Amino acid sequence: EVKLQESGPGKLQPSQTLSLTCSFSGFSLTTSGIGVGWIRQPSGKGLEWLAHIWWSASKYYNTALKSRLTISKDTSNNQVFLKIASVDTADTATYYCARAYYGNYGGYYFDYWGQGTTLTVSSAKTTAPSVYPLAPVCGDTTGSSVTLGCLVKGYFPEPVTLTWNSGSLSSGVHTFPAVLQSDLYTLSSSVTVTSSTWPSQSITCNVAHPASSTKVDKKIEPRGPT
Amino acid sequence: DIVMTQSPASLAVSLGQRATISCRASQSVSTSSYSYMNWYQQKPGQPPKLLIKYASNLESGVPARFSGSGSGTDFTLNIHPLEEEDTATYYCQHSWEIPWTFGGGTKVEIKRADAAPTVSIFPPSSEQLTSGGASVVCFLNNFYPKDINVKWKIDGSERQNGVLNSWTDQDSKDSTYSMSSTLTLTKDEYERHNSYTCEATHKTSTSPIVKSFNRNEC
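Residues numbered from 1 in each chain as written, not as in the entry; some residues may be left out. Chains lettered and ligands numbered in written order. Heavy atoms only, no water.

- Method of determination, as given in the entry header: X-ray crystallography; reported resolution: 2.500 Å.

## As for the domain arrangement of chain B
Residues and elements named next belong to chain B.
Then comes step 1: For chain B, the assigned domains are domain 1 (1-112) and domain 2 (113-218).
Then comes step 2: Here the C-alpha centroids of domain 1 and domain 2 sit 38 Å apart.
Then comes step 3: The interface of domain 1 with domain 2 comprises nine residues on the first partner and 14 residues on the second.
Then comes step 4: Of the roughly 930 Å² buried between domain 1 and domain 2 on both sides combined, carbon and sulfur atoms contribute 41%.
Then comes step 5: Residues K146 and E109 are paired through a salt bridge, measuring 3.4 Å at the closest nitrogen-oxygen approach.
Then comes step 6: Where domain 1 packs against domain 2, one counts seven residue pairs in polar contact. (Domains from an automatic or database assignment. Contact = heavy atoms within 4.5 Å. Buried area = accessible area lost by both parts, 1.4 Å probe. Salt bridge = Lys/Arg side-chain N within 4 Å of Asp/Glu carboxyl O. Polar contact = N/O pair within 3.5 Å; in protein donor to acceptor, adjacent residues only side chain to side chain.)

## Digging into the pairing of strand 2 (residues 10-14) of chain B
All names here are of chain B.
Then comes step 1: Because side chains alternate across strand 2, one face comprises the buried residues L11 and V13, and the other comprises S10, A12 and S14, none of which is buried.
Then comes step 2: Relative to strand 10 (residues 106-111), strand 2 runs parallel, the two being bridged by five bridges. Following the sheet pairing, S14 is matched in strand 10 by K111. (Buried < 20%, exposed > 50% of the residue type's maximum accessible area, 1.4 Å probe, protein only. Helix = DSSP H or I, 4+ residues; strand = E, 2+ residues; numbered from the N terminus. Pairing = 2+ DSSP bridges.)

## A closer look at the pattern of salt bridges
Then comes step 1: Counted by the stated rule, this structure contains 14 salt bridges over all chains.
Then comes step 2: Among the salt bridges present, the one from B:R159 reaches B:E189, with a minimum N-O distance of 2.8 Å. Placement of the pair is B:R159 in strand 14 (residues 157-159) and B:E189 in helix 2 (residues 187-191), with a sequence separation of 30 residues.
Then comes step 3: Linked through salt bridges whose partners overlap, the residues forming this network are A:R40, A:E48, A:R68 and A:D91.

## Notes on the interface of chain B and chain A
Then comes step 1: Tallying the contact residues gives 47 residues for chain B and 49 residues for chain A.
Then comes step 2: For the pairing of chain B and chain A, the buried interface totals around 4100 Å² over both sides, and the portion due to carbon and sulfur atoms is 64%.
Then comes step 3: Its salt-bridge partner being A:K218, residue B:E127 comes within 2.8 Å of it at the nearest N-O pair.
Then comes step 4: Summed over the shared surface of chain B and chain A, the result is 18 residue pairs in polar contact.
Then comes step 5: Mapped by element, the contributors of at least two residues to the side of chain B that touches chain A are strand 4 (37-42), strand 5 (49-53), strand 9 (88-94), strand 11 (118-122), helix 1 (126-130), strand 12 (133-143), strand 15 (163-167) and strand 16 (177-186) of chain B.
Then comes step 6: In the side of chain B that touches chain A, the residues fall into 23 nonpolar, 20 polar and four charged. (Nonpolar A, V, L, I, M, F, W, Y, C, P; charged D, E, K, R; others polar.)

## Side note on the sheet that holds strand 13 (residues 149-154) of chain B
Residues and elements named next belong to chain B.
Then comes step 1: Here four strands make up an open sheet; going across it, the order is 14-13-17-18 and the pairing antiparallel. In this open sheet, the two strands that pair with only one neighbour each are strand 14 and strand 18 (205-214). For this sheet, the mean inter-axis angle between neighbouring strands, taken without regard to orientation, is 30°.
Then comes step 2: In this structure, strand 13 lies alongside strand 14, joined through three bridges in antiparallel fashion. In the sheet register, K153 faces strand 14, and the bridge partner there is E158. (Axes fitted to C-alpha atoms, helices over the stretch in contact; angles between N-to-C directions.)

## Describing the sheet that holds strand 3 (residues 19-25) of chain B
Residues and elements named next belong to chain B.
Then comes step 1: Strand order in the open sheet formed by four strands is 1-3-8-7, with antiparallel pairing between adjacent strands. Every other strand in the sheet has two partners, leaving strand 1 (4-7) and strand 7 (66-71) as the edge strands with one partner each. In this sheet, adjacent strand axes meet at a mean angle of 15° when their direction is disregarded.
Then comes step 2: Pairing analysis gives six bridges linking strand 3 to strand 8 (residues 74-79), with the strands arranged antiparallel. Looking at the pairing, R24 lines up with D74 of strand 8.

## What about the side chain of B:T101?
All names here are of chain B.
Then comes step 1: Examined against the element boundaries, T101 turns out to sit in the loop between strand 9 and strand 10.
Then comes step 2: At 3.0 Å, the side chain of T101 forms a polar contact with the backbone oxygen of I2.
Then comes step 3: Side-chain polar atoms of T101 contact the side chain of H94, separated by 3.2 Å.

## Concerning the state of the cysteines
One covalent bond between the sulfur atoms of two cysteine residues makes up a disulfide.
All names here are of chain B.
Then comes step 1: Across all of its chains, the model carries five disulfides over all chains by this definition.
Then comes step 2: Paired by a disulfide, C23 and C92 hold their sulfur atoms 2.0 Å apart. Its S-S torsion of approximately 80° makes the covalent link between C23 and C92 right-handed. Here the residue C23 occupies a position in strand 3, and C92 occupies one in strand 9, the gap between them amounting to 69 residues.
Then comes step 3: Accessibility expressed as a relative area gives 1% for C23, which makes it buried.
Then comes step 4: Exposure remark for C92: the relative accessible area of 0% places this residue in the buried category. (Disulfide = S-S within 2.5 Å.)

Put into structure tokens, the structure is as follows:
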């Protein structure tokens, strides 16, 4: 089971040094032809290769970033590390750990990717989200189906993860991309079920914010007169 | 170092039809026997996934409706028959020299029957009101095409400021789009007014779809 797992500081002050770690399993970095390295994707942009280190201890660097990059590895502990010096806002990105294969034909390709770690370079302050349950309008002439909602405001930095009934309620979900407004993020999610499903059955918004380390559940209940 | 230009930037193709993506290299990227070009698929909220290596070699497990071709400076990814789950951004990258680089990507979207948005409005939760905030949310779900206008009206007069919107990426199962309008006021201002309305204008109808509630009324 080939796995790549990125870990990073989540956010970082400008001018500081970013340290990224990638833990992997399902293969050894002693194996010939195998390398592990880094590719970053700035929000809503394309891909930029950063560096790779091989079983050889040979290490490839992106020429432009070369001066700012240091890649290393701990083979015995299945980890490779990347350091980026004097970080700037242009380093704000999701950083992917990827396995590289040195081809039988020569050449290279990235056959396994980690899920990524988001990094924000910001002076701004960390803030936990407020989570708000959104039940339908009182007295609404209910139709064949009902839409419930979940509002997540006032948090920083990205990311936030949101599920309904802890993933088990997966269908009919629309989780909307976060939007930054005044150094705070706002995210929302929609879920639609049949009128026979809700409020009959319990529906719960699950929201988690790593940077503040908060897990919050908000059950969606019909509005009272409050 | 090598630059790669993908085109088009964006592609909309009917179901079961053929989607074709091209990738120009600033210099040749192939020997007499192999071309060193790779293709990746990135679905929204996901890491890139390897489809094609060495121009035409399909990675293990990838559906045969994906195919790659080309050589030298020109390469092509083909998707036929295009399916709903294939909505994604597609990237090429070379392995001819360090630095490895990527193309800018091509967003492939499914073209489908027009559809009207399902519109739902939501007063501020009492929990938010308790803390002094008041957000009115409006969901416009499962419509097509992605272009849509949202208007907020408070007691008849339209409001534009304090709104922020966010679009879903094309749904991988029904190829629709959704979006979310949030009007944020203070509790103070919210209580001074009665009727709150979000109006959705969409090609699907000449008439906007409108949802309303009156504060503290039911």
